[PDB]
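The chain below stands alone and is given as C-alpha cells, in the form deposited in one PDB entry.
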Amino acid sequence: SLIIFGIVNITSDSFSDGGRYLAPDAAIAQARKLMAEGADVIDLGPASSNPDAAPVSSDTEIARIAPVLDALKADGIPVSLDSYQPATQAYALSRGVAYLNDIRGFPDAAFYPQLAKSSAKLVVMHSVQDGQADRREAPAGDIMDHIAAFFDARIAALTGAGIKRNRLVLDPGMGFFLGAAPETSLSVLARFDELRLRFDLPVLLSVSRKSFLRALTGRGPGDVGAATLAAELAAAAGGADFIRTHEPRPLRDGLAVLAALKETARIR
C-alpha cells in the first residue's frame, strides 16, 4: 500500500514551517491534526537539515522531542524520529519509536550495536552531502547508479552488523540532497522504481515543498502545494511505499481518487 509520514518540525528554522511546532504543545497539536488528516506516522524532526539550517546539540534535540514522544506514545500515534545525531537516535530507541529517519543513512558504525538491538525500522536516506543539505551539484553520470552504489554498501554494512534487512526503508534523497539541479530530483522521482526492484526493499520519497518544485512552476515559497501534490501522486503511481509530507490531507484525497480509478478499471 502506501504509508504517509506527516512532517512535524520542532525547530526554529525548518524551511517551510520553522517555529510553528517548536513548543511541545504546538507540536503535539499538529501531530494529532496530521493523523486525523491522513498521516499514518508522525515524522518528528527536532532540527532542520535544509541548506540554511543551523544545528543544535543532541541535548536540545532530546529536550524538544521528549514531551512530544510522551504524548504521541500515550496517544498510540506511531513516530519516526528525523534526526541524524546518534545520541538523539539512542534516546528515541529507548522510548520505543517505530522508525528512525536519518538523512545521513546511519553512517556511524560505532552506533550499529545499538541499532541492532532495537526493533525500530530505519529510513536510510541517500544524499550527495552525506549530511545537512547544501547547493553543490550532483556527481556526473547516472544518479541512479550513484544511489544504488550507496545503498549497496550501506545495506551490507548495516546487515553485517546485525540490523535485519527487513527493518530497512530506502530514501534516495530529494531536492538539494541530490544537488542544485532540478533535473536530478526529477530523475529520481521518475526512476526510483529501479531501486525497489534492485533491492526488493520499500522506498520512501519526500518531495514536499522542496525548492526544485518552485523552479519548475516559477512560483514563490508558499505557492507549492499544487506542485507538491502532483509530484506526490506521480511518486504514488510510480510505486512509492512511503511518502513524507507536510500536508497529508490533499495527498490522502488524491490517493483516494487514484485508488478508486485503479479499482474501477480492474478487470479482475
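We call the rigid core whatever largest set of C-alpha positions still superposes within 1.5 Å between the two forms. Start at 1 and count along the sequence shown; that's the residue number.
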When the C-alpha temperature factors are averaged for each of 16 to 24 and 249 to 257, which stretch ends up with the higher value in the entry? 16 to 24
Per the PDB record, is the mean Cα temperature factor higher over 203 to 211 or over 221 to 229? 221 to 229
Top Cα B-factor in this entry, restricted to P55, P67, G239, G45, sits on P55
Based on what the PDB entry reports, which of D193, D134, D108, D82 has the top C-alpha B-factor? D134
Ranking every modelled residue in this chain by its Cα temperature factor as given in the entry, which third contains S118? middle
Chain-relative CA temperature factor third for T159: middle
Which third of the chain does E183 land in by C-alpha B-factor: lowest, middle or highest? middle
Split the chain's modelled residues into thirds by Cα B-factor; is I4 in the lowest, middle or highest one? middle
Could you place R198 in the lowest, middle or highest third of its chain by Cα temperature factor, using the values in the record? highest
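Omitted here: the form deposited in another entry. The next part is about that form.
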Among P139, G162, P107, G96, which is the residue that shifts its C-alpha 2 Å or more between the shown form and the other one, core superposed? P139
Tell me, please, whether between the shown form and the other one the C-alpha of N9 is shifted by 2 Å or more, with the rigid core used for superposition. no
Large Cα move at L233 between the shown form and the other one, threshold 2 Å, rigid core: no
Rigid core fitted, is the C-alpha displacement of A26 between the shown form and the other one 2 Å or more? no
Where do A71 and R20 end up in the other entry, Cα atoms closer or farther than shown, with a change of 3 Å or more? farther
Distance flag for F212 and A133 (Cα, change 3 Å or more) in the other entry: the two residues are farther
